[PDB]
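A.B. asks: Let me give you the structure first, and then I'll get to my questions.
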Amino acid sequence: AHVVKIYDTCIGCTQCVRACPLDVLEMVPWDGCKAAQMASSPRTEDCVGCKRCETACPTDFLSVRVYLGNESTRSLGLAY
Amino acid sequence: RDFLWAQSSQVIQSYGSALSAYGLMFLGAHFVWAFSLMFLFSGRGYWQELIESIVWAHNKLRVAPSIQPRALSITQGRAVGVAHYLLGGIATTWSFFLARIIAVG
Amino acid sequence: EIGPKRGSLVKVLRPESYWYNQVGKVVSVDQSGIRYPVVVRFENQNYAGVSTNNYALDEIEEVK
Amino acid sequence: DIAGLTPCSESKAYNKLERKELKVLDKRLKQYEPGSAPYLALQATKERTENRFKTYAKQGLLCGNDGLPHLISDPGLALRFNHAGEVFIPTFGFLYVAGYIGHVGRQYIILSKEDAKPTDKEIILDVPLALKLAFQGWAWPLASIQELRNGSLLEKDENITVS
Amino acid sequence: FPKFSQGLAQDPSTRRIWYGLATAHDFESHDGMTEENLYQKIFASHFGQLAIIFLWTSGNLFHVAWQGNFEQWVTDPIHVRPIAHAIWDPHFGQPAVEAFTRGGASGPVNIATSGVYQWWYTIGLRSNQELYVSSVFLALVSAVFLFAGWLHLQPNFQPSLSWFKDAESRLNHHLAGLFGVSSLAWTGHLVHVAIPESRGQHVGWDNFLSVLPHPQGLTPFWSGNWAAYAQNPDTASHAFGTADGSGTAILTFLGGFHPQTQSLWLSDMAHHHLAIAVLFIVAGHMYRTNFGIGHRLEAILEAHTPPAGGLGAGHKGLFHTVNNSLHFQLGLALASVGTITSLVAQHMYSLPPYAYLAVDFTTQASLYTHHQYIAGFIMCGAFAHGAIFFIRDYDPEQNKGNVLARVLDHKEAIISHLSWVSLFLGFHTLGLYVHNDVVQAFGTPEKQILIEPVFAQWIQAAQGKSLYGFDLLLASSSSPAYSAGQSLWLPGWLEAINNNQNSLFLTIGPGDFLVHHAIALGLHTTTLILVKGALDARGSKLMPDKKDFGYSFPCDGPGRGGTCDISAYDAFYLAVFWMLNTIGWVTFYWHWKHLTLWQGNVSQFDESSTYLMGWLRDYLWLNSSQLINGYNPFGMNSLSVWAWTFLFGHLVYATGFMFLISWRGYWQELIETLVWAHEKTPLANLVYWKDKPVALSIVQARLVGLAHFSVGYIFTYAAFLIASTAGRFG
Amino acid sequence: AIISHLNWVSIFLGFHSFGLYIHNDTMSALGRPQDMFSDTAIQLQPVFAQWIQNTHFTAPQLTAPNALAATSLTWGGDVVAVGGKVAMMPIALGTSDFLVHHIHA
Amino acid sequence: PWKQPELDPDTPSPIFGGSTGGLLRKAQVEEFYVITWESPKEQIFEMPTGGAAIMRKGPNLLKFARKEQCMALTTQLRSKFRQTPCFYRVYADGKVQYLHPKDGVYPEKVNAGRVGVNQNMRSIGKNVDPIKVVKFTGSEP
Ligand code: CLA
Ligand code: CLA
Ligand code: CLA
Ligand code: CLA
Ligand code: CLA
Ligand code: CLA
Ligand SMILES: CC1=C(/C=C/C(C)=C/C=C/C(C)=C/C=C/C=C(C)/C=C/C=C(C)/C=C/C2=C(C)CCCC2(C)C)C(C)(C)CCC1
Ligand SMILES: CC1=C(C/C=C(\C)CCC[C@H](C)CCC[C@H](C)CCCC(C)C)C(=O)c2ccccc2C1=O
Ligand SMILES: CC1=C(C/C=C(\C)CCC[C@H](C)CCC[C@H](C)CCCC(C)C)C(=O)c2ccccc2C1=O
Ligand code: SF4
């Protein structure tokens with residue numbers, strides 16, 4: 001039940017998508033960049049809060065932010 | 001009572017004798033122990049921000065390092081802690097013992 | 001030409017940036033209507049280790 | 001005198017402390033022979049101890065009821081009652097040395113940054129340049145006020161801020 | 001279970017239970033909140049804390065009257081020990097009840113340390129009946145407040161938001177009535193009751209109307225001859241209970257202490273709270289409220305703007321900032337109350353206000369440490385609750401160009417110039433102690449760097465102390481300041497300050513010098529940690545938007561080199577370690593300097609406090625002898641309870657090191673292993689938890705470990721402070 | 001299974017070993033020294049080590065006939081004095097040595 | 001993809017003796033995950049929970065209790081052996097859900113069908129202060 005918002009400064013590196021283990025992020029076409037790509041966060045219900053996505057964004061300041069919030073079974077990474 | 005308070009009389013009363021070095025190491029070992037607690041209890045985040053406000057003054061006077069100052073890594077702060085921790089904990093016995101036993105009883 | 005010249009130094013004005021009120025070389029500029037075309041390169045690294053970032057026209061100004 | 005402190009010459013506890021510290025060595029000196037090296041070592045320590053006590057008394061120091069010398073910090077009382085060498089004068093002896101270190105390091109930083117690869121110059125120093133600046137810093141207060149009155153000491157809002 | 005928050009209730013783990021308690025009284029973040037419902041819920045809750053206070057006081061009175069020796073103490077206050085509450089522990093043995101029954105009472109008891117006996121005896125309480133009658137009074141007042149918190153929450157009797165945001169009426173009613181009239185009445189009590197009870201006369205509800213306080217009555221008050229009430233003061237040879245050596249005065253300005261009871265004159269304290277009532281009533285008629293006259297608060301702040309522009313717009317825009325921000329108002333109150341709490345500590349030990357308190361050495365100590373440790377905790381909250389203002393209740397566009405934005409603009413200068421002072425005091429203070437530790441060790445105690453604190457001795461000479469010989473104005477008979485107040489306060493004041501057997505302006509040496517500077521290291525660096533967490537609360541270069549996350553969050557991740565302990569909560573977290581260290585130095589210095597005074601050997605502190613082995617040898621190691629032998633293998637004394645507590649704090653302190661050093665990831669992998677065993681076991685698997693077990697969160701552990709830390713820091717010193725002072729009785 | 005079964009042992013030991021020390025402290029402070037764990041008390045003696053001391057002490061007679069004496073005097077025997085100081089003498093194990101040897105585990 | 005592949009719950013599993021990192025009571029009650037892939041030969045690979053196992057030529061199937069345990073295996077197979085796995089989510093009610101290649105193309109490659117979600121059209125920072133939203137939730141949305 002975490003929140004993931006991507007901002008206007010994305011450049012279509014795809015490094016955020018490759019890093020997330022839980023497949024929260026995917027690439028969508030867009031007209032704002034040279035690469036003509038942008039990220040997205042359709043399924044944040046599966047988000048866990050590892051912040052590997054933030055680690056990979058090479059911008060001056062991040063085009064991706066994970067705002068932590070209410071927890072859940074999927075978010076807490078509980079096998080039980 | 002009978003081990004620590006009692007056998008520490010030879011170390012504490014070592015000032016003015018040949019065992020004076022053990023009395024100082026007994027204290028300095030406590031400093032280095034407590035000094036480790038800054039690294040174990042704290043975190044890199046507070047320190048990297050503090051350095052920024054310090055870099056401002058070093059920048060204001062045009063005296064700043066080209067090698068940017070960065071706080072220690074997380075694993076390093078943990079290593080630095082246990083090192084200064086064990087050194088202070090072990091060196092205290094090294095002073096508490098040799099001063100106690102050289103001055104026999 | 002839309003923006004600053006190649007190889008020209010410029011000063012940044014993003015408040016968020018690690019390089020704010022600091023100077024860097026213009027690596028390139030795109031003239032295809034992108035929101036953040038101006039590519040800039042600095043000598044000093046940021047906290048992550050990156051020394052480049054795409055800035056905008058309004059966010060950059062002449063040196064010093 | 002001042003602050004209810006006696007001079008160290010007139011104090012009794014001061015001389016009591018001298019007779020004590022010498023008695024320890026005399027007892028320690030009885031064990032060894034006259035012409036041995038341990039005897040020569042202790043006699044020298046005896047000679048130094050006798051010299052430490054008389055020199056502190058000769059210097060107009062102030063000893064308290066415990067018998068140990070006390071220092072005075074206000075330059076007014078120090079100059080009025082002739083106790084300036086204690087604190088007031090060493091204050092200027094340090095600041096001359098401390099500013100020496102700043103004026104030197106500040107110049108090495110500025111000059112290496114005017115060239116290519118200044119990062120290498122920090123880990124691998126230019127020793128000929130460092131010695132040159134280190135022997136040119138005898139008159140750092142002149143250069144500071146020269147640089148302040150000129151305005152090339154401080155930077156002007158070309159520094160990074162955070163908000 | 002949390003009804004105020006649905007987000008936590010959906011949580012299946014144990015994090016729901018823990019976070020439900022900690023976010024309980026944080027009304028702002030609750031679900032479905034409104035600014036109007038917020039003030040009402042606070043107003044009702046603040047009635048509650050009053051209800052516990054008046055009940056807590058009622059419990060002490062009852063448990064003292066029923067089980068104590070108040071009637072026996074007044075007859076011989078010096079020798080008899082007070083009694084707080086009795087003991088019933090069935091796990092005792094026969095040697096313990098024989099040891100703990102030291103009091104005159106039959107069964108075992110606990111000796112008191114608060115000092116309420118000295119306080120109640122001074123204001124005119126001399127019986128156990130009068131305490132029973134009082135315990136009922138506060139329990140009634142306590143129930144009345146509980147009824148009000150419920151009443152003033154109902155649909156009617158529900159104050160509107162405009163009523164809360166009426167500052168001009170609150171000041172006038174609270175300054176005049178709560179402060180002034182209360183201080184006026186307390187003078188009415190000291191005059192009509194207490195001073196007679198000192199001079200033998202028994203005044204109570206039966207006879208307070210018939211008995212006059214003064215022989216003349218009120219006719220001097222109307223005629224204007226107000227000096228008639230200061231004519232025949234109490235003589236020096238005056239017993240505090242009997243009329244031997246008594247007088248007729250009710251208001252006097254004698255100054256100094258009473259000879260027998262080393263305490264302030266009652267006639268002075270009566271005269272004191274009168275003048276305080278006059279200024280505070282006058283100040284209450286200042287602001288404007290429903291009449292034409294009066295000042296306005298907003299008009300004043302807008303006016304005090306300097307013309308040149310050193311402060312920019314100045315204090316403009318601040319009224320709506322303070323009046324709308326509750327965290328701002330709370331920061332100023334705590335910072336004011338936390339400072340006052342230190343004054344109560346500093347000004348009581350020097351000026352004993354109660355009878356036979358200077359003689360009770362154990363009682364003076366606890367009262368000093370209790371208030372100072374509270375003064376640190378409160379003051380650390382002012383900055384913390386001041387940091388929350390910058391996140392939640394700060395509007396930059398409204399507060400543009402004013403003093404509050406101009407401070408936040410150049411914060412890099414404040415945090416930097418602070419770091420210089422902490423480093424400066426830290427290197428040079430430690431370097432001298434270490435310079436003296438060594439040079440003592442090589443047998444040369446004369447080479448120490450002992451600097452005399454001339455500036456403080458200059459004050460004591462300017463305040464009557466003729467020891468140092470500076471011959472300042474008020475130590476000189478020719479000066480006017482000696483001439484003025486010569487008939488009033490100086491004969492009683494000069495006698496006390498020059499007496500070297502009281503705690504009023506103690507003698508100062510080079511040992512006292514190093515500690516007052518080491519104390520400065522604490523305040524300046526503790527402020528640095530808290531100031532930084534406030535100004536950098538909104539953003540840092542490492543985290544440009546902290547404001548979006550909140551006051552308390554664990555971190556932003558391992559990226560950007562690491563972001564552990566950045567939040568403003570983590571700054572408050574680290575300051576408490578310095579708060580405790582600072583108050584420890586302040587308190588260690590009070591105890592030892594007073595023990596040497598009480599033992600008579602003042603030379604112990606002056607010679608040994610210059611090097612740090614003296615603190616470890618002469619203060620800690622030495623005074624921990626009677627305590628540590630509380631339960632010996634041969635037998636047990638009455639100090640066994642303190643030695644047990646003395647270890648109890650040495651243990652709780654160590655348990656916090658777990659939560660501080662060892663962090664979550666080691667434990668959650670461990671709990672996953674116990675979960676596997678609970679399911680694979682044949683019979684235990686039939687039982688299944690309702691809420692899933694998980695390790696404690698990151699922020700929770702910093703809180704928990706700090707509690708286990710601070711409680712051992714306190715329980716350890718309380719045992720040492722009371723046991724060391726009680727066993728020696730001096 | 002390893003970490004789970006090993007977790008139970010540490011909890012079993014820290015309770016039954018260190019909890020015994022707290023029991024003795026609490027009993028002493030309450031004035032009940034008869035209920036402590038000690039020699040004059042509810043003795044927990046290390047019977048196994050005591051049996052091994054005697055076996056190695058009475059070995060020269062039977063199990064090592066050609067041995068003129070035992071390996072050390074810690075097992076049993078008489079004192080060996082040198083310069084007015086004892087070099088080694090038999091060490092006796094009691095209730096305290098039981099608790100400490102179990103605290104180490 | 002062209003069409004979602006429905007689950008074949010009866011396919012051969014790898015040769016694995018067993019371990020303690022398997023499924024717990026949560027799986028039967030709440031949900032569990034299963035992963036499928038097709039190998040050309042018999043190989044050895046590291047399991048996320050436990051040790052090594054031997055794949056089988058043809059389809060293979062595993063059952064896991066977490067999505068990370070499944071995606072951890074995809075990253076191993078896509079890199080080491082260069083395969084194309086696909087995994088689902090199974091509830092206790094028997095319902096099945098096809099998760100990771102939801103469009104048939106992996107997320108790190110664009111596709112025209114996708115639609116953006118949680119896309120703010122502003123720069124990081126440059127957003128309202130918390131005071132403006134003091135009494136409801138959210139400064140970032
Ligand atoms: C002789 C002419 C004169 C002088 C000397 C002053 C002086 C002053 N006026 Mg003023 N005034 C004057 C004429 C004058 N006025 C006239 C003709 C008018 C028209 C009526 C006014 C109207 C006026 C108004 C309306 C106000 C003032 C105020 C002030 C005060 C602060 C102004 C300022 O810039 O802050 C100085 C600027 C700073 C930026 C402060 C620096 C802070 C330092 C650096 C911090 C150091 C802290 C650190 C912890 C130190 C170590 C301490 C440690 C030892 C404990 C100052 C005392 C203001 C006032 O009353 O506030 C007190 C105000 O509101 N003036
Ligand atoms: C005894 C333990 C101890 C000591 C010595 C310190 C010391 C310090 N802390 Mg600290 N801290 C501690 C425990 C300790 N802390 C604990 C338990 C916590 C809780 C987590 C904190 C939390 C904390 C915070 C949150 C902050 C500090 C800050 C500071 C600095 C204050 C400035 C000052 O006075 O420096 C000068 C004082 C000294 C004692 C200097 C130490 C160096 C001496 C001179 C020895 C020199 C080395 C010598 C030449 C030998 C070296 C050889 C060797 C390399 C082989 C200082 C470095 C503040 C800071 O850094 O701001 C500037 C700050 O913000 N600390
Ligand atoms: C010569 C270089 C140099 C200069 C001119 C300055 C200047 C300054 N520093 Mg800084 N500093 C330096 C190096 C330098 N720094 C280094 C290397 C460190 C890391 C240890 C720091 C860490 C530091 C802190 C943590 C703080 C300052 C602060 C300050 C300011 C107040 C002075 C002070 O507190 O001194 C303090 C000095 C020290 C704690 C130790 C300095 C180390 C040595 C003695 C000097 C370096 C000499 C250099 C290696 C020689 C190169 C010569 C070349 C020819 C080869 C001032 C602007 C304070 C501030 O924030 O400003 C208000 C402050 O709190 N400094
Ligand atoms: C007039 C006094 C006053 C008032 C009205 C408030 C009001 C508030 N504070 Mg504040 N605060 C104060 C003083 C005050 N504070 C002081 C003095 C400090 C400094 C210590 C703080 C530090 C502080 C922080 C750091 C935070 C608050 C927070 C809050 C908010 C409520 C949080 C909540 O429900 O926690 C309920 C919490 C609990 C029920 C847990 C408390 C458990 C304690 C720590 C255990 C104590 C030890 C144990 C019982 C000892 C037993 C002994 C044993 C041997 C038997 C609320 C606005 C929080 C906030 O606003 O969040 C944004 C927040 O983060 N306050
Ligand atoms: C004369 C009229 C009057 C009076 C007496 C009060 C009284 C009070 N109001 Mg109040 N109020 C009034 C009019 C009045 N109000 C009006 C007109 C409004 C509307 C504008 C309000 C609106 C209002 C609000 C909104 C709130 C209050 C609150 C309070 C209480 C403050 C908490 C407290 O107990 O502090 C007690 C303080 C003192 C007794 C004196 C000051 C203490 C300092 C530290 C001096 C210490 C002196 C001395 C050293 C102490 C020695 C002690 C001795 C035993 C050793 C207090 C009972 C609060 C409340 O409801 O709490 C339940 C609150 O939140 N008031
Ligand atoms: C004195 C401080 C202290 C104490 C008591 C403990 C205690 C413990 N640590 Mg530990 N730890 C500490 C400091 C401490 N730690 C520090 C500073 C660090 C950092 C290096 C660690 C790091 C650490 C690690 C890494 C591990 C532990 C583990 C353990 C547990 C071992 C199991 C065991 O024997 O418990 C049995 C119980 C006790 C020892 C408690 C002793 C006191 C008595 C018996 C309790 C009496 C209860 C009483 C009767 C009931 C009162 C109820 C009341 C409400 C009425 C135990 C809970 C291990 C663990 O949890 O896994 C097994 C583990 O892996 N600790
Ligand atoms: C951060 C913050 C905050 C906080 C703050 C604080 C907490 C503060 C501190 C501060 C403080 C806490 C202060 C203090 C003060 C004090 C003082 C300043 C005083 C002084 C005094 C004086 C002035 C006196 C004088 C005198 C007299 C009268 C007589 C005798 C002599 C003498 C000289 C002593 C707030 C909330 C606002 C908010 C925002 C942010
Ligand atoms: C203090 C601290 C820092 C800051 C520490 C730093 C930057 C290390 C400072 C190293 C100094 C520069 C070494 C030199 C010290 C003296 C100057 C040596 C004496 C030399 C004189 C004799 C000349 C961290 O970065 C940190 C990170 C993670 C967890 C905890 C901590 C932590 O506790
Ligand atoms: C031991 C430990 C745990 C695990 C500890 C656990 C699960 C113990 C908490 C549960 C026990 C059962 C509560 C024990 C009862 C307390 C003694 C009393 C609590 C009283 C409250 C109800 C008020 C963590 O989760 C952790 C997290 C982050 C850093 C360090 C640590 C850490 O050290
Ligand atoms: S990591 Fe950030 S910059 Fe890179 S493609 Fe993803 S959103 Fe864009």
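In the structure tokens, chains take letters A, B, ... by order of appearance, with residues numbered from 1 within each chain and ligands from 1 in the order shown.
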Could you please tell me, as a PyMOL selection string, which residues of chain F have an atom within 12 Å of chain G when using only C-alpha atoms?
C.D. replies: chain F and resi 1-4
A.B. asks: Identify all chain B residues at most 8 Å from chain E by counting only C-alpha atoms; ligands do not count. Present them as a list in words.
C.D. replies: residues 1, 5, 12, 14, 15, 16, 17, 20, 21, 23, 24, 27, 40, 41, 42, 43, 44, 45, 46, 48, 49, 50, 52, 53, 54, 56, 57, 73 and 74 of chain B
A.B. asks: For N, CA, C and O atoms, I'd like the residues from the last selection saved as a short mmCIF file (atom, residue, chain, number, x, y, z; two decimals), in the first residue's frame.
C.D. replies:
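Wrote selection26.cif, looks like this:
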data_model
loop_
_atom_site.label_atom_id
_atom_site.label_comp_id
_atom_site.auth_asym_id
_atom_site.auth_seq_id
_atom_site.Cartn_x
_atom_site.Cartn_y
_atom_site.Cartn_z
N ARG B 1 31.48 -5.68 44.03
CA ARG B 1 32.15 -5.25 45.25
C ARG B 1 33.55 -5.84 45.35
O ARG B 1 34.54 -5.10 45.43
N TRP B 5 35.38 -3.04 42.66
CA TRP B 5 35.64 -1.96 43.61
C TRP B 5 36.91 -2.23 44.41
O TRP B 5 37.66 -1.30 44.72
N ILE B 12 43.90 2.95 40.88
CA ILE B 12 43.49 4.32 41.16
C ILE B 12 44.57 5.05 41.95
O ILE B 12 44.80 6.24 41.75
N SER B 14 47.71 4.67 41.70
CA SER B 14 48.97 4.52 40.99
C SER B 14 49.64 5.84 40.68
O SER B 14 50.81 5.85 40.30
N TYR B 15 48.93 6.96 40.81
CA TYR B 15 49.52 8.26 40.56
C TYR B 15 50.66 8.52 41.54
O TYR B 15 50.50 8.38 42.75
N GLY B 16 51.81 8.89 40.99
CA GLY B 16 53.00 9.12 41.78
C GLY B 16 53.90 7.91 41.95
O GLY B 16 54.78 7.94 42.82
N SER B 17 53.71 6.87 41.14
CA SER B 17 54.54 5.68 41.21
C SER B 17 54.85 5.17 39.81
O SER B 17 54.45 5.77 38.81
N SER B 20 52.05 4.43 37.12
CA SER B 20 51.20 5.56 36.77
C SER B 20 50.65 5.43 35.35
O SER B 20 49.58 5.96 35.04
N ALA B 21 51.37 4.72 34.48
CA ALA B 21 50.92 4.56 33.11
C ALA B 21 49.64 3.75 33.04
O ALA B 21 48.80 3.97 32.17
N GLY B 23 47.30 3.74 35.33
CA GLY B 23 46.21 4.59 35.77
C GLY B 23 45.67 5.46 34.66
O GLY B 23 44.47 5.76 34.61
N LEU B 24 46.54 5.88 33.75
CA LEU B 24 46.11 6.70 32.62
C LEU B 24 45.44 5.86 31.55
O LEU B 24 44.40 6.24 31.01
N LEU B 27 41.92 5.10 32.28
CA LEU B 27 40.97 6.15 31.94
C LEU B 27 40.81 6.28 30.44
O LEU B 27 39.69 6.32 29.92
N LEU B 40 28.01 3.81 16.70
CA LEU B 40 27.07 2.70 16.71
C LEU B 40 25.64 3.20 16.81
O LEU B 40 24.73 2.66 16.17
N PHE B 41 25.42 4.23 17.62
CA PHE B 41 24.06 4.69 17.89
C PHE B 41 23.55 5.58 16.76
O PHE B 41 22.34 5.59 16.48
N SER B 42 24.44 6.33 16.12
CA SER B 42 24.06 7.33 15.15
C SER B 42 24.05 6.74 13.74
O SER B 42 24.17 5.53 13.53
N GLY B 43 23.91 7.63 12.75
CA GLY B 43 23.82 7.23 11.37
C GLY B 43 24.42 8.27 10.45
O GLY B 43 24.58 9.44 10.81
N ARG B 44 24.72 7.83 9.23
CA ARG B 44 25.42 8.67 8.26
C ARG B 44 24.63 9.92 7.91
O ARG B 44 25.22 10.93 7.50
N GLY B 45 23.31 9.88 8.05
CA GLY B 45 22.49 10.95 7.51
C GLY B 45 22.69 12.27 8.22
O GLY B 45 22.81 13.32 7.58
N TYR B 46 22.72 12.25 9.55
CA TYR B 46 22.88 13.48 10.31
C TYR B 46 24.21 14.14 10.02
O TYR B 46 24.32 15.37 10.00
N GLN B 48 26.25 13.89 7.25
CA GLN B 48 26.47 14.42 5.91
C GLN B 48 25.81 15.78 5.74
O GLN B 48 26.28 16.62 4.97
N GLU B 49 24.71 16.01 6.46
CA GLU B 49 24.07 17.32 6.41
C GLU B 49 24.87 18.34 7.20
O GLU B 49 24.95 19.51 6.81
N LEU B 50 25.45 17.93 8.32
CA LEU B 50 26.25 18.84 9.12
C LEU B 50 27.46 19.33 8.35
O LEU B 50 27.86 20.50 8.47
N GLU B 52 27.63 19.87 5.25
CA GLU B 52 27.22 20.85 4.25
C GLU B 52 27.25 22.26 4.83
O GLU B 52 27.70 23.20 4.17
N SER B 53 26.77 22.42 6.06
CA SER B 53 26.81 23.73 6.70
C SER B 53 28.24 24.13 7.04
O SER B 53 28.53 25.32 7.19
N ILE B 54 29.13 23.16 7.18
CA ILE B 54 30.54 23.46 7.41
C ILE B 54 31.23 23.81 6.10
O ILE B 54 32.11 24.67 6.05
N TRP B 56 29.94 25.38 3.73
CA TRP B 56 29.57 26.75 3.40
C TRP B 56 30.61 27.74 3.90
O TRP B 56 31.05 28.63 3.16
N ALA B 57 31.02 27.60 5.16
CA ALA B 57 32.01 28.51 5.72
C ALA B 57 33.36 28.33 5.04
O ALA B 57 34.04 29.31 4.72
N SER B 73 30.83 5.73 5.23
CA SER B 73 29.82 4.79 4.80
C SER B 73 29.18 4.12 6.00
O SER B 73 29.67 4.20 7.13
N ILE B 74 28.06 3.45 5.75
CA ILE B 74 27.31 2.82 6.83
C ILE B 74 28.13 1.71 7.46
O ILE B 74 28.30 1.66 8.68
#
A.B. asks: Do you know which residues are at most 10 Å from residue 92 of chain B counting only C-alpha atoms, after dropping those on the same chain fewer than 5 positions away, and could you put them as a ChimeraX atom specification?
C.D. replies: /B:22-30,33,86-87,97
A.B. asks: With N, CA and C atoms retained, write the just-selected residues as a compact mmCIF listing (two decimals), in the first residue's frame.
C.D. replies:
# COMPACT_ATOMS: atom_id res chain seq x y z
N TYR B 22 49.48 2.79 33.95
CA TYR B 22 48.27 1.98 33.96
C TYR B 22 47.07 2.78 34.43
N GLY B 23 47.30 3.74 35.33
CA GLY B 23 46.21 4.59 35.77
C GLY B 23 45.67 5.46 34.66
N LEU B 24 46.54 5.88 33.75
CA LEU B 24 46.11 6.70 32.62
C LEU B 24 45.44 5.86 31.55
N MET B 25 46.04 4.72 31.22
CA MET B 25 45.42 3.81 30.25
C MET B 25 44.07 3.32 30.74
N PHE B 26 43.92 3.17 32.06
CA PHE B 26 42.63 2.79 32.62
C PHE B 26 41.57 3.82 32.28
N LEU B 27 41.92 5.10 32.28
CA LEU B 27 40.97 6.15 31.94
C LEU B 27 40.81 6.28 30.44
N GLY B 28 41.93 6.37 29.72
CA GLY B 28 41.87 6.52 28.27
C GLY B 28 41.15 5.38 27.59
N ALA B 29 41.17 4.19 28.19
CA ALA B 29 40.43 3.07 27.63
C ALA B 29 38.93 3.29 27.75
N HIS B 30 38.48 4.02 28.77
CA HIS B 30 37.07 4.34 28.90
C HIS B 30 36.62 5.37 27.88
N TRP B 33 36.16 3.78 24.51
CA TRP B 33 34.97 2.93 24.53
C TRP B 33 33.72 3.76 24.30
N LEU B 86 35.96 -2.36 21.25
CA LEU B 86 36.76 -3.47 21.78
C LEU B 86 38.09 -2.98 22.32
N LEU B 87 38.68 -1.98 21.68
CA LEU B 87 39.96 -1.45 22.14
C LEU B 87 39.84 -0.85 23.53
N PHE B 97 44.53 -5.19 35.34
CA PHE B 97 45.16 -6.44 35.75
C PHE B 97 46.61 -6.23 36.14
A.B. asks: Kindly provide, as a PyMOL selection string, all nucleotide and amino acid residues lying within 10 Å of ligand 1, counting only C-alpha atoms and all ligand atoms.
C.D. replies: chain E and resi 300-315+403+406-407+414+417-418+524
A.B. asks: I want to know what sits within 7 Å of segment 131-148 of chain D, based on only C-alpha atoms, with residues of the same chain fewer than 6 positions away left out; could you give that as a list in words?
C.D. replies: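 Listed by chain and then number, they are residues 100, 103 and 104 of chain D.
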